[PDB]
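> Need the 3D shape of this:
(chains A, B and C, ligands or ions: 3)
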Amino acid sequence: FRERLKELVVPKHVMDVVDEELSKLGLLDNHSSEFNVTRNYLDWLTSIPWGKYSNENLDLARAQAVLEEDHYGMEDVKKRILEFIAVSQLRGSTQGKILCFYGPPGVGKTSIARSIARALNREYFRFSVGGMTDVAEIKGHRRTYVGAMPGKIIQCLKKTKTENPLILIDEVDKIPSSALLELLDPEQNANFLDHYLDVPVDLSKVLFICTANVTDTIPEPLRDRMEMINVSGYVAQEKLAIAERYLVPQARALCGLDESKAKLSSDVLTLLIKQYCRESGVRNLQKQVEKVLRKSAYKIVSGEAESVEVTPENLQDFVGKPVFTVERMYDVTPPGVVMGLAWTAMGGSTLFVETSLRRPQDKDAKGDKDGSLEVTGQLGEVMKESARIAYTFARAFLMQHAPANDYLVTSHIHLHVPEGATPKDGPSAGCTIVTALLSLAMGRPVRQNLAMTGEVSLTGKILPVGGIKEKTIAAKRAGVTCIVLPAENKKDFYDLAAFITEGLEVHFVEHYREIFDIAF
Amino acid sequence: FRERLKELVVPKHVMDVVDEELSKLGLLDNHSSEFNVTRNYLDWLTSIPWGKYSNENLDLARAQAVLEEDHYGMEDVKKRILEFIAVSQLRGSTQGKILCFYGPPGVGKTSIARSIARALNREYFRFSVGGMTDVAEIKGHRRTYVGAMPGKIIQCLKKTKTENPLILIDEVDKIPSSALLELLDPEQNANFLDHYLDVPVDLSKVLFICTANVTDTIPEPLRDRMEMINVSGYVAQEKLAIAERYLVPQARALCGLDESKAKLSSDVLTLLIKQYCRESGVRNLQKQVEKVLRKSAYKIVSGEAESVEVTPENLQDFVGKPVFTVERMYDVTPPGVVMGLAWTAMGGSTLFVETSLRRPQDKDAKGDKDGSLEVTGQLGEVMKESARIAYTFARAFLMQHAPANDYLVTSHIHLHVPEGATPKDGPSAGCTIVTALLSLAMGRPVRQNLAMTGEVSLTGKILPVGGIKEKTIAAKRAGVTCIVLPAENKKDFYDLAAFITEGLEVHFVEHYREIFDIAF
Amino acid sequence: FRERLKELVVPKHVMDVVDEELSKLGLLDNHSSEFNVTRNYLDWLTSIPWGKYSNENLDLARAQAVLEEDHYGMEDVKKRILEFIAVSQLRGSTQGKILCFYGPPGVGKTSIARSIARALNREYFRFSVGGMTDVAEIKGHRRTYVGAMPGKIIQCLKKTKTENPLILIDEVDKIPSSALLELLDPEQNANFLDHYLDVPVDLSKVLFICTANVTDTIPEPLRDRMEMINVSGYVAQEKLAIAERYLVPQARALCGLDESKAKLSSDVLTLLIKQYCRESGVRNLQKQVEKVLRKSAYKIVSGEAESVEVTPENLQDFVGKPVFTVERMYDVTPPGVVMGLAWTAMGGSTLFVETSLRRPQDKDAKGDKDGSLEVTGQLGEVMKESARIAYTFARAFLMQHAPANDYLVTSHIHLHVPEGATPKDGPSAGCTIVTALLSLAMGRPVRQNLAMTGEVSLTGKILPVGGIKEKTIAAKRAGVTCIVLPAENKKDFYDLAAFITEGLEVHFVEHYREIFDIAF
Ligand SMILES: Nc1ncnc2c1ncn2[C@@H]1O[C@H](COP(=O)(O)OP(=O)(O)O)[C@@H](O)[C@H]1O
Ligand SMILES: Nc1ncnc2c1ncn2[C@@H]1O[C@H](COP(=O)(O)OP(=O)(O)O)[C@@H](O)[C@H]1O
Ligand SMILES: Nc1ncnc2c1ncn2[C@@H]1O[C@H](COP(=O)(O)OP(=O)(O)O)[C@@H](O)[C@H]1O
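Numbering: from 1, shown residues only, chains lettered A, B, ... in the order given. Ligands and ions are numbered 1, 2, ... in the order given. Next up is the structure itself:
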């Protein structure tokens, strides 16, 4: 091509390489593998827009409106993109900074990235690195191998044709970390130089967005040079608002109907949200709404009616009987059972820690006859030592609260902590395990709707934990009233919306004597 | 021919390159290493259509009539396809979805794919991805390679000559998966970019069907993309209906016979179903049918008989003595063996959990040594943990129901849980294990036809399980008369057809105390 | 082409190679794979410098100014570079010594490297051999590869184009090590012998600089040729000075502001340091400062205000509630817990060891019945043996100091050493373990703000430890006043800056009896 190279602002290096390329095309003859190689290399080097970028949209109020009018919530993503706009304005050129959205699945991480692109007026392009093993798919490979293609980044640059295409590397925590590093690095950016080509490409001003469900698996070489932002799950009422304003409209558009035919009530949407779904995003809720509208469309095209109104009285005919008929596993907990607030890789959960005697306690202690503890729940070494520490503090606390009670000392116990949480949050069930052992020993059940979370140590101190937002959302959607937290987490509980702290009686504690007071 | 491309309807983007390569092809004479094959590079694209989307019928009445004519049951698939047609008619265009049918072997998935194709009037094309590893076949190679094969999707487009051919991938749970992803991903769908053709195709209109036996093997990036529909097994009377109405006609028209030439009886068909087959599908049933029919054919053509008619008494002259005389391993179960339903990759099943004693009891054991338990059955870690939990609960439940009994606490037992259940349905034999240990310890057997299933917790809560339809079918076909289910599975049992749940006596349950009260 | 060599010194050795290869190219015909391959090999052979040296600055005062004016502290590195320039001067040219910086992350182990490249007027280059595993990325491939590119230093010479480039090997802990030796070995520095270049490549002039968090996981063969220099962390005052001189200006410039619009007061900077960061470097502080500055930029551009002055009473707006609202775990320690002063891979850190008495005292029953010690903290074998040594010594010391006390000898204890230290510094908690055991046994706490370290042997001899600078910095950060050290560490405690050793009363000891007399 001639105008392709003409209209762009290309550097002397690529000018030299394309000059030698034209020369080689002038030295070879038709019908030759060499000429095919040279011509494909030429078209590759010619298809990239150098110095050609897209004029971004920098009105603060217009960006705010674009962001807010097609996504509920996500206030911190909105704030961050607004700060990005403001810095790119106070500077001259474009910025091109790296981000990472982490949170449960189905909360809006990819759609918010599309909307960020639509607000920046930049082009868009995405790809995943969950099912990726070859460095080739990122950095290409030389023109010598038979099947030659340039590693999806030059493929991008072609497919989008602009200097700052807002890439989206989905699912970076489930991965070729070498090429990923070489791509996400302010100092290793300005020249990339994939294997296929031999010219270095200048991608310093493209803003990469990444996604992940959990930070703790993004390799630290990346995690260091990548700014983390949380996109948390929703409570029933935010799920309802999301539903009414975005889920049902575009489902109707997808199934070809309109509002004057298929009407979903707020009552049936809450019935869906509370009975037919359990996640903390809106993925399965959207599946159910699509099912409702498909069966509506059928009952219309057939002719069973001309307009369908879905109300809790006739819901079953569209989807069926409710799948989640209970709120928790236990309504009123027996003695050795306590409710904790696990932080999983899909949001939160209210997991039940259960203890039970394992061998008859009929023994007058003729001699030493120590007790023991058996533990299950696929525990690692960190969690096994946490359970030992919690066992020992339980012994030592019942040693002084009621010395006559030799249950925990001379008795064989089986403890079960279910397998939800992530290894970082694993040893956050310390106070739950302590309460479970103590309730089994005393023969008294815990307070009824009481969920707790926090780390415990031999001396009894309650150390802080993470994931307070997700744990609180899970306690909320599991029907919890009281909630015990480490008094060093009073920050990230009093910054949640008043939606999530409606009727939660929260107790911020420093030592386990306080948890023992409240829980009894 | 230029006539063909000219006839095609507006692939203008492709036509640019089509000219830029075809004028060069025709520019160079034959006897040219490049031209010989660049004629193929033209013929392929010329054969691949671009604008023709074959007529699709949107008649709900006729589509229902054709669906219910050549496939018994499968009303889930039939409802889904009817909703599909209704939606594709409400939208003025064809749409194209991505559906995946899962179920045991021999339930009709491929055959109903054929029926769907001929019912929507779309073309048809199937292929397998069972043991394929290379991406050379799902996406094709490039010209640099010595071979020349444009994959399978381009092959389909050529063979059918339409852009909505309803491709059918088989054994998708046995796959290399990146290409399947890029194929069935509506994000990466609108453009495909095979290797042998650098031109994109609009697959956003074909109706992808996948068939899998077990959904769990389907990698997650696909499992969340395809819509998973279940096709269940077949009770005996449904098997008989299928054989009478479809299998015997197919085998006849396979061996050139007629209703007067060679006839099979309903009584001999039931006899065959019950004695010569054990599966949940109808594959072995059709194999027996076609063997009987080809034996009949040999007899007739040799003239050893005329007007051959198969009866229960001359059936042994065709297939010999039965294969499965006995219903199941036991009819009267001794102490320590109970019948548990399982959900294997082959569908439902009925297995027997067995317990035995390993070391003699008689011992005035000084020191009060602790009883043990050796679990065999080729278990995973999850099943080992779950058997520990069931063991502890059995000991604890006996400790308070029969305080004098010390069988479980101090004795060395061996538990064999037979190995059929999928890794997901592993810890579903929990209540059968508890019952086996308890019946061994109490010396008494459980009541006769008392299959059961459900997860058990450390304090006894019976937790819901999956695969209820398959398990109910396999309890039906084993002489089971009382099945014991977790209470939260009513929404799964009370929606089975009237003939499936016909003779059963079902006890839904929430805590093991009641399973104990209805087993002893 | 030749015009490169037309003015460039090349060795008589490689000259025969290049001329023989030009001949063996001139005999063969173009439009050939072998033509392109030999051409590429020659282009690599010629793309590298062979005699040209950067006219390195040798003005001692110039290099000293260049250093001093872009880094606070690092006296050791700056002195070493000044002496290196001195020897470079007194010789004709220099040899490019090997060097290694070690210390906590975020202290400047890279920016000082680039400043050194500046003051030597060489260029810069870097690469990390942490994440890699194969020696390919360093040693390149032979001529007989499918299609290859050379080792890393070849790309370095291509993108630097002088014989002494000052490259930087990074993350030398996470490592092939033999290859890095053959690279960093004087006798064979002058001979690389990349399989991609048959001629020996000299490297006897480039100075390599490596980086590390800890010098113990660097393999000894490499460590023999590396001259170790330490770059420690900082204290509150040093962090404040770096933030005022470097961090705030660099961030403001990055954001596109000026001095008058956005300013951060000394109070708010010490607030950020002491409150929103718990590191030893300034890595997180950089993020916490440019976050403030981009929120400032938002307020400015978006018209919220035309000037901003971030102050201690409006910082919570810019960042949020304080993150770290506790200097340490216990303000006043119970009996049985002592501060630890460990030296983790991330830098110094104060740790608390606890003891609990996991089992009742038994009321001086007649039996001999020795006590025990369960230990948690994810130890190694050396640490478990050091714990047993501390246990024995504590029992013995209590025997000969309060012979009437039976606690340690007949009692079952639970010790927990937190899992923070390094493997080599593990047995630097012996005196903390002894203090904790004796504190629990006697039944009374230790001096309030007292931290200790040092190894202990059976006879109670305190043995010297390492990491005194980092332990002292940590002890300062955690608000410790009294610090107890081995008497053989006054060499490296008294060479410490007056910043660090100011507020601390420091007790050097030789035996444990003095630690006792101090702690009680
Ligand atoms: N706050 C929200 N506003 C509007 N739509 C939302 C919101 N949160 C989730 N959704 C919808 O939920 C669906 C989840 O898909 P997606 O966000 O792509 O999954 P993931 O978050 O794993 O990328 C999207 O279709 C999106 O439209
Ligand atoms: N419900 C049914 N109605 C009619 N034919 C059936 C039915 N179920 C199974 N078949 C017969 O079984 C065979 C289909 O087996 P197939 O579905 O290919 O096995 P798989 O289930 O492993 O894909 C066909 O001959 C089909 O006619
Ligand atoms: N002593 C110092 N003098 C000046 N700036 C410093 C100093 N220490 C750290 N910095 C700044 O902090 C950042 C440190 O990051 P970096 O040095 O790359 O981490 P590492 O030390 O692990 O290589 C740099 O931006 C640097 O400007």
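
> is chain B contacted by the lengthiest helix in chain A?
Ranked by residue count under DSSP state H, the longest helix found in chain A is helix A:381-401. No - taking Cβ under 8 Å from any Cβ of the partner chain as the criterion, helix A:381-401 and chain B are apart, separated by no less than 13.5 Å. Every residue, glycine included, has its C-beta placed from N, CA and C.

> Give me the residues contacting the helix or strand following that helix.
Sequence order places strand A:412-416 as the next helix or strand after helix A:381-401, per DSSP states H and E. Contacting residues not belonging to strand A:412-416 are listed as A:353-359, A:371-377, A:387, A:391, A:433, A:436-437, A:440, B:370, B:388-389, B:392, B:458 [Cβ atoms under 8 Å, 6 or more residues apart in numbering or on different chains].

> Among those residues, which ones are in strands?
Residues of the contacts of strand A:412-416 located in strands (DSSP state E): A:353-357, A:372-376.

> who touches the residue of the stretch 101-250 of chain A at minimum distance from ligand 2 in this structure?
Taking Cβ to the nearest ligand atom as the measure, the stretch 101-250 of chain A has residue A:131 as its residue closest to ligand 2, at 26.4 Å. Counting by Cβ under 8 Å, 6+ apart, residue A:131 touches B:177-178, B:181, B:219, B:221.

> tell me the two of the residues you listed that are most distant?
Of all pairs drawn from the contacts of residue A:131, the one with the longest distance (Cβ to Cβ) is B:178 and B:219, at 9.8 Å.

> Now do the domain split for chain A, please.
A:60-230, A:236-310, A:337-519 (curated CATH domains).

> of all those domains, which lies closest to residue B:505?
The closest of those to residue B:505 is domain A:236-310. By Cβ to Cβ, the value is 28.8 Å.

> Pull up the gap between residue A:88 and chain B, please.
Plainly put, residue A:88 is 28 Å away from chain B if you go by Cβ to the nearest Cβ, to the nearest Å.

> Now that residue: closest residue in space that isn't a chain neighbour?
In space, and not counting its chain neighbours, residue A:88 is closest to residue A:95: 4.7 Å by Cβ to Cβ, 6 or more residues apart in numbering or on different chains.

> Over to the one you found. Which of the three states is it?
At residue A:95 the chain is in coil, as set by DSSP: H, G, I helix; E, B strand; the rest coil.

> Surely it is in contact with residue A:207?
Yes - shown here, residue A:95 and residue A:207 form a contact pair, counting by Cβ atoms under 8 Å, at 7.1 Å.

> Look up the residues that both of those two are in contact with.
Listed as contacting both residue A:95 and residue A:207 by Cβ under 8 Å, 6+ apart are residue A:84.

> neighbour-wise, which of these two wins?
Neighbours were tallied for residue A:95 and for residue A:207 using other Cβ atoms under 10 Å in any protein chain shown; the higher tally belongs to residue A:207 (23 against 18).

> residues contacting that one?
Listed by Cβ under 8 Å, 6+ apart, the contact set of residue A:207 reads A:84, A:95-99, A:120, A:122, A:164, A:166-167.

> From those, pick the one nearest chain C.
Proximity of these to chain C (Cβ to the nearest Cβ) peaks at residue A:84, which lies at 8.0 Å.

> Helix or strand: which one has that closest one?
Using DSSP H and E, residue A:84 falls within helix A:75-90.

> Show me which parts of that helix are buried, residue by residue.
By 16 or more other Cβ atoms under 10 Å in any protein chain shown, the buried positions in helix A:75-90 come out as A:77-78, A:80-90.

> for these, which one is nearest residue C:40?
The closest of the buried residues of helix A:75-90, once distances to residue C:40 are taken by Cβ to Cβ, is residue A:88, at 41.6 Å.

> Can you give the distance of stretch A:496-504 from its chain's centre?
The chain centroid and the centroid of stretch A:496-504 are separated by 22 Å, computed with Cα atoms, centre = their mean, to the nearest Å.

> Hmm, residue A:165 and residue A:206 touching each other?
Yes - Residue A:206 lies in contact with residue A:165 (Cβ under 8 Å); the separation is 5.6 Å.

> Residue A:179: what's its closest spatial neighbour, skipping adjacent residues?
Once flanking residues are discounted, residue A:179 sits nearest to residue A:138: 3.7 Å by Cβ to Cβ, 6+ apart.

> Report how many residues lie close to that neighbour.
If we define neighbours as other Cβ under 10 Å, then residue A:138 has 23 of them.

> wait, is it part of a helix?
Yes - counting by three-state DSSP, residue A:138 falls inside a helix.

> Could you measure from it over to residue B:26?
Here the criterion is Cβ to Cβ, to the nearest Å. By it, residue A:138 lies 39 Å from residue B:26.

> likewise residue A:291?
Look at residue A:291 and residue B:26: by Cβ to Cβ, they are 54 Å apart.

> ok, which stretches of the stretch 51-200 of chain A are strands?
A:99-102, A:125-128, A:167-170 (DSSP state E, counting those that start in this stretch).

> Figure out which of those strands is closest to residue A:509.
Among those, strand A:99-102 comes nearest to residue A:509, with 28.6 Å by Cβ to Cβ.

> Any idea how far the closest one is from the middle of the chain?
Mean-position distance between strand A:99-102 and its chain equals 9 Å (Cα atoms, centre = their mean).

> can you tell if that strand touches ligand 1?
No - applying Cβ under 6 Å from any ligand atom, one finds strand A:99-102 separated from ligand 1 by no less than 8.1 Å.

> Can you name the residue of the stretch 251-400 of chain A that approaches ligand 1 most closely?
For the stretch 251-400 of chain A, the residue closest to ligand 1 is residue A:282, as judged by Cβ to the nearest ligand atom, at 4.4 Å.

> thought that residue was touching residue A:244?
No - here residue A:282 does not reach residue A:244: they are 11.7 Å apart, not a contact under Cβ under 8 Å.

> who has more neighbours, the two?
A count of neighbours by other Cβ under 10 Å puts residue A:282 above the other of residue A:282 and residue A:244, at 23 against 15.

> Would you mind measuring from the more buried one to chain C?
With Cβ to the nearest Cβ as the criterion, residue A:282 and chain C are 27 Å apart.

> gap between that residue and residue A:238?
As judged by Cβ to Cβ, residue A:282 and residue A:238 stand 9 Å apart.

> Please, where are all the helices along the stretch 101-250 of chain A?
Assigned by DSSP state H, counting those that start in this stretch, the stretch 101-250 of chain A shows helices spanning A:109-120, A:136-139, A:153-160, A:177-183, A:220-223, A:236-242, A:248-254.

> Which of these sits closest to residue C:286?
Nearest to residue C:286 among the helices of the stretch 101-250 of chain A is helix A:220-223 (15.5 Å), distances taken as Cβ to Cβ.

> Give me the most central residue, chain A.
With distances taken as Cα atoms, centre = their mean, residue A:103 lies nearest the centre of chain A, 2.1 Å away.

> Give the burial count for the nearest residue to it once chain neighbours are set aside, as a bare number.
Excluding the flanking residues, the one nearest residue A:103 by Cβ to Cβ, 6+ apart is residue A:231, at 3.8 Å. For residue A:231, the neighbour count with other Cβ under 10 Å is 18.

> Would you enumerate the residues in contact with residue A:231?
A:74, A:77, A:101-103, A:107-109, A:112.

> Quick one: name the residues of the stretch 51-200 of chain A near chain C.
Contact residues (Cβ under 8 Å from any Cβ) of the stretch 51-200 of chain A with chain C: A:60, A:79, A:82-87, A:89-92, A:141-145, A:177-178, A:181, A:191, A:195.

> Swap in 10 Å and give it another go.
For the stretch 51-200 of chain A, the contact set with chain C under Cβ under 10 Å from any Cβ of the partner chain comprises A:58, A:60-61, A:63-64, A:79-80, A:82-92, A:95, A:97, A:141-146, A:148, A:177-178, A:181, A:187-188, A:191, A:193, A:195, A:198, A:200.
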